[PDB]
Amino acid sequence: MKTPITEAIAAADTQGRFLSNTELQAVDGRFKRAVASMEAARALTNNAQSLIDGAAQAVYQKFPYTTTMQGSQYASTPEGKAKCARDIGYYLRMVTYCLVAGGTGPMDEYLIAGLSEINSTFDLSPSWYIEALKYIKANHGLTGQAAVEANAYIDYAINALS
């Protein structure tokens, strides 16, 4: 899983070398940034339900057809509403995981790999999820470097869907 620590090790190991100060500096940077990253992760976790609920409604407001149109890919039934809330919660859980791990690895492995295939096969619009993510970014309530951390991972997801 891609984290600053596993990237450092992987570099040293590709080269058949012991870790050098070059890598240890990298991990120190991770450890110092973890202060801001854990603050973000805890905040998003504590406020997860309201962010998920609000984000789903942001999607339905932007895209009203998703609440009415017939088909199992839409949120026009109780099951579709539940699938959508589930999926938004998945995106937000992944953001929290990236913050904890100090990199994109959790999102990359558990969500981004195969994303394009799933969206195509099941007729899910990337724009739905981009809207959810933009709501989370706007409303997470963070400031300072905790906000910068959260937004970096939210924007990474948005870029993955664009």
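Start at 1 with the first residue shown and count on from there.
Asks: Quick one: say whether 67-75 or 84-92 has the higher mean Cα B-factor in the deposited entry.
Replies: If you average the C-alpha B-factors of 67-75 and of 84-92, the larger mean comes out for 67-75.
Asks: Once you work out the mean C-alpha B-factor for both 27-35 and 129-137 from the entry, which is higher?
Replies: The deposited B-factors put 27-35 ahead on the C-alpha mean.
Asks: Could you tell me which third, lowest, middle or highest, the C-alpha B-factor of residue 43 occupies within its chain?
Replies: Highest third.
Asks: Ordered by C-alpha B-factor within the chain, which third holds residue 49? Give me lowest, middle or highest, please.
Replies: Ranked within chain, residue 49 CA B lands in the lowest tercile.
Asks: Going by the recorded CA B-factors, say which third of the chain residue 142 sits in, lowest, middle or highest.
Replies: As the PDB entry reports it, the C-alpha B-factor of residue 142 lands in the highest third of its chain.
Asks: Sorting the chain's CA B-factors, does residue 148 end up in the lowest, middle or highest third?
Replies: Tercile = middle for this residue's CA B-factor.
Asks: Within this chain, which third does the Cα B-factor at residue 57 fall in: lowest, middle or highest?
Replies: Its C-alpha B-factor belongs to the lowest third of this chain's values.
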